[PDB]
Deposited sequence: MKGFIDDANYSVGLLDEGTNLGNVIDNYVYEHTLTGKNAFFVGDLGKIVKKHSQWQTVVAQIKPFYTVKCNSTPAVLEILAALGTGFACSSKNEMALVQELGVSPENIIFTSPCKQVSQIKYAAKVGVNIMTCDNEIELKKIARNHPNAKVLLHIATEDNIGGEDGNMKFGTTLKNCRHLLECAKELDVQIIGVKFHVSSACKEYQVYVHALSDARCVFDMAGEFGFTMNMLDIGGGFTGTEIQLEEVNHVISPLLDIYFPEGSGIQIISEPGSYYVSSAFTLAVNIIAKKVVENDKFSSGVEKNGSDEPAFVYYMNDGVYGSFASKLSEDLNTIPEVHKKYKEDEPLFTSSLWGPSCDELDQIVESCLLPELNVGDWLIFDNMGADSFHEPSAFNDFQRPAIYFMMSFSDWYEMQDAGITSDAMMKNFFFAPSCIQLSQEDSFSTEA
């Protein structure tokens, strides 16, 4: 696998790259494609490091496990949070060491635990006694973070139940080393982080009474990507860390950003393959069984230069595959392209029976200017960047 990365100067932008690939795809098969700005990921990481230099991020692989993304974040210095064996195996295959991997699945299966012990991944979260006994039985070197719930699916245990889990762990001989919590992005009620940190210090207090050595705090993945959202969270947690979890306590603070890094770095272009007048219904060449899976649980722009209520459906035509129930479009025709921005998270899925084994092409770009900065930080020289080939864009 080689990633060819087109370098852009100061005269060319993402609208130009899209126009170029829409021209080439026209002209050829006419597949959906993504464009990935890899310098936007590198900028997300130096944003992290400016605002919260002491919190080490562990990338949530499930957000986007495309190997060019994982290799860039590895070369920038992230850890990785994995929620299956095959996520852990993909990260180890790229050369990440097991000490930079945490196993965060809320329902761990015995063979995932025993896989983790077999490959040396020791750090894992736990919120319940039955998972605790699975870990004890199958992983003798496990280092466990107790996962506390947060009032913002939802995971994590109550504070009352953590006293009991600590007693069980002592009896089962599990090393508890820390606490984890998570707050939703969408929770603009930043005070929830106060009660979370207070609950965590309470667990680090009780666990020290039991004889555990607590040295890791994970504050979760509630980061959208924007500088302002990250600076809001920092404004709330920073004084409480300064105080409950100071410099020199030897307590390492980590987070699990995912969408933070990739969501706004990728843009998707799809074409219209069918058209039905009811108001118009348009069928596109990508759908819920490909890049728009997240619809099951971001505004279309017309690519070409009187508006009707329109729906967009994917290419399966099946009842689940309605991607935009109604928006206002011009009347478009088969073969016309629609462009969706902020398509980097929960979208890079594998070819499968359900998409007839087809997935969009992926094209990568960076500004010369973001590249110069990687060069000057020493990262383009790292063996973790060996598969990337950077050249002035056509």
| query | finding |
| --- | --- |
| Parts of the chain sequence, as deposited, that carry no C-alpha coordinates in this structure | 1 to 7, 160 to 167, 294 to 310, 330 to 333, 342 to 346, 436 to 448 |
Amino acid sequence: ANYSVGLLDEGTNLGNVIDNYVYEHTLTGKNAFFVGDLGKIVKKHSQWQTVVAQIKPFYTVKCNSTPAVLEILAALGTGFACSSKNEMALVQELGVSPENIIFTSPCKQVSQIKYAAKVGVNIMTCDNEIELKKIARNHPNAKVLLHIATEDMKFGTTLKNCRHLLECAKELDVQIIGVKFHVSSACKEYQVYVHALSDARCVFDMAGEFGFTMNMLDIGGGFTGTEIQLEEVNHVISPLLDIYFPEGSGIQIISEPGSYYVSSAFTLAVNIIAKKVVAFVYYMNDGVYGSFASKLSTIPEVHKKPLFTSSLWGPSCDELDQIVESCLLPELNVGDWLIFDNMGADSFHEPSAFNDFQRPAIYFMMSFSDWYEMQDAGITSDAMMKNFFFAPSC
From here on, numbers count along this sequence of modelled residues.
item: 48 to 56 versus 323 to 331 - which carries the larger mean C-alpha B factor in the record; value: 323 to 331
item: Given 223 to 231 and 204 to 212, the range whose Cα B-factors average higher in the PDB entry; value: 204 to 212
item: Per the PDB entry, maximal CA B factor within 173, 87, 129, 286; value: 173
item: Out of 186, 74, 177, 124, residue topping the C-alpha B-factor column of the entry; value: 186
item: Record-listed C-alpha B factor of residue 279: chain third; value: highest
item: B-factor third for the C-alpha atom of residue 347 within its chain; value: lowest
item: B-factor third for the C-alpha atom of residue 355 within its chain; value: middle
item: Third of chain Cα B-factors occupied by residue 78; value: lowest
item: Chain-wide C-alpha B factor ranking for residue 27, given as lowest, middle or highest third; value: highest
